[PDB]
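Trainee: First, the structure itself, so that you have it in front of you.
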Amino acid sequence: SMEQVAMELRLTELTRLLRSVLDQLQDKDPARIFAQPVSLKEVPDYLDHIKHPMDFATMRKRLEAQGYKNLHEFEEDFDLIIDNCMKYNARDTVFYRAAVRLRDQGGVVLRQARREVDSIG
């Protein structure tokens, strides 16, 4: 139907906007600490601690399959990256500290993303 096509164009345009959001958030992680899944070869107990791992490569795979229906879903995955890290790692670690800085800097980006999503519809 034509309605289904219009819905699909809306999803495509959200995907475009979320790709720009993802790029801007990933720039806030210049150490690439959050770029890839935590390796279960290198951290064998990880899934005992963290039940829903997340990372920017995993998000990018979902994004490119148009698997984010709205901005809430995307933000959920970004918050997982941060929150997982802040539980597994202690406060005095480069990993924790990177996550705090990513949260703080990413907030700015996400605030305007939400306005753009609502504004453009």
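Residues are named by chain letter and number: chains run A, B, ... in the order of the structure tokens, numbers start at 1 in each chain, and ligands are numbered from 1 in the order shown.
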Select from stretch 43-85 of chain A every residue with an atom at most 12 Å from any atom of stretch 102-117 of chain A, then for each give the shortest pair of atoms and their distance in Å to one decimal, using only C-alpha atoms, rows by chain and rising number, as a tab-separated table.
Mentor:
residue	atom	partner	partner_atom	distance
A:69	CA	A:117	CA	11.6
A:70	CA	A:117	CA	8.6
A:71	CA	A:114	CA	7.2
A:72	CA	A:114	CA	9.1
A:74	CA	A:110	CA	10.2
A:75	CA	A:110	CA	8.2
A:76	CA	A:110	CA	11.7
A:78	CA	A:103	CA	8.9
A:79	CA	A:103	CA	8.0
A:80	CA	A:103	CA	10.8
A:81	CA	A:103	CA	9.6
A:82	CA	A:103	CA	6.8
A:83	CA	A:103	CA	9.3
A:85	CA	A:102	CA	11.1
Trainee: Based on DSSP run over this structure's backbone, return all residues of chain A in alpha helix (DSSP H), as a PyMOL selection string.
Mentor: chain A and resi 2-27+46-49+56-64+71-88+94-120
Trainee: Do you know which residues are at most 7 Å from residue A:55 counting only C-alpha atoms, after dropping those on the same chain fewer than 6 positions away, and could you put them as a PyMOL selection string?
Mentor: chain A and resi 34-37+81
Trainee: So that I can see what lies close to residue A:88, please list as number ranges by chain the residues with an atom at most 12 Å from it, counting only C-alpha atoms and leaving out residues fewer than 2 positions away in the same chain.
Mentor: A: 38, 43, 45-51, 53, 80-86, 90-93, 95-96, 99
Trainee: Using only C-alpha atoms, which residue out of A:41, A:22, A:27, A:120 lies closest to residue A:58?
Mentor: A:22
Trainee: Just want the 10 Å neighbourhood of residue A:31, counted on only C-alpha atoms, with same-chain residues fewer than 5 positions away dropped. Output as a PDB file with N, CA, C and O atoms, in the first residue's frame.
Mentor:
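In the end it all went to around_8.pdb:
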ATOM      1  N   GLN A  26      29.493   8.442  19.271  1.00  0.00           N
ATOM      2  CA  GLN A  26      30.700   7.671  19.228  1.00  0.00           C
ATOM      3  C   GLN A  26      31.987   8.563  19.184  1.00  0.00           C
ATOM      4  O   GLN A  26      33.028   8.230  19.710  1.00  0.00           O
ATOM      5  N   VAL A  94      39.563   3.677  34.352  1.00  0.00           N
ATOM      6  CA  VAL A  94      39.418   4.443  33.103  1.00  0.00           C
ATOM      7  C   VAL A  94      38.106   4.090  32.397  1.00  0.00           C
ATOM      8  O   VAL A  94      37.531   4.910  31.738  1.00  0.00           O
ATOM      9  N   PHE A  95      37.654   2.837  32.578  1.00  0.00           N
ATOM     10  CA  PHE A  95      36.411   2.428  31.935  1.00  0.00           C
ATOM     11  C   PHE A  95      35.202   3.151  32.510  1.00  0.00           C
ATOM     12  O   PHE A  95      34.372   3.748  31.775  1.00  0.00           O
ATOM     13  N   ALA A  98      35.279   6.822  31.573  1.00  0.00           N
ATOM     14  CA  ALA A  98      34.925   7.028  30.150  1.00  0.00           C
ATOM     15  C   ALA A  98      33.423   7.035  30.006  1.00  0.00           C
ATOM     16  O   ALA A  98      32.842   7.759  29.212  1.00  0.00           O
TER      17      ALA A  98
END
Trainee: To one decimal place, how far is atom CA of residue A:5 from atom CA of residue A:17 in Å?
Mentor: 18.5 Å
Trainee: Rounded to one decimal place, report the atom CA of residue A:68-atom CA of residue A:10 distance in Å.
Mentor: 11.8 Å
Trainee: Using atom CA of residue A:24 and atom CA of residue A:9 as the two end points, give the distance in Å to one decimal.
Mentor: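 Atom-to-atom, atom CA of residue A:24 and atom CA of residue A:9 are spaced 23.0 Å apart.
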Trainee: With distances taken over only C-alpha atoms, which residue among A:60, A:28, A:19, A:8 lies nearest residue A:100?
Mentor: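 The shortest atom-to-atom distance to residue A:100 comes from A:28.
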Trainee: Just checking: using only C-alpha atoms, which residue out of A:57, A:2, A:63, A:89 ends up closest to residue A:18?
Mentor: A:63
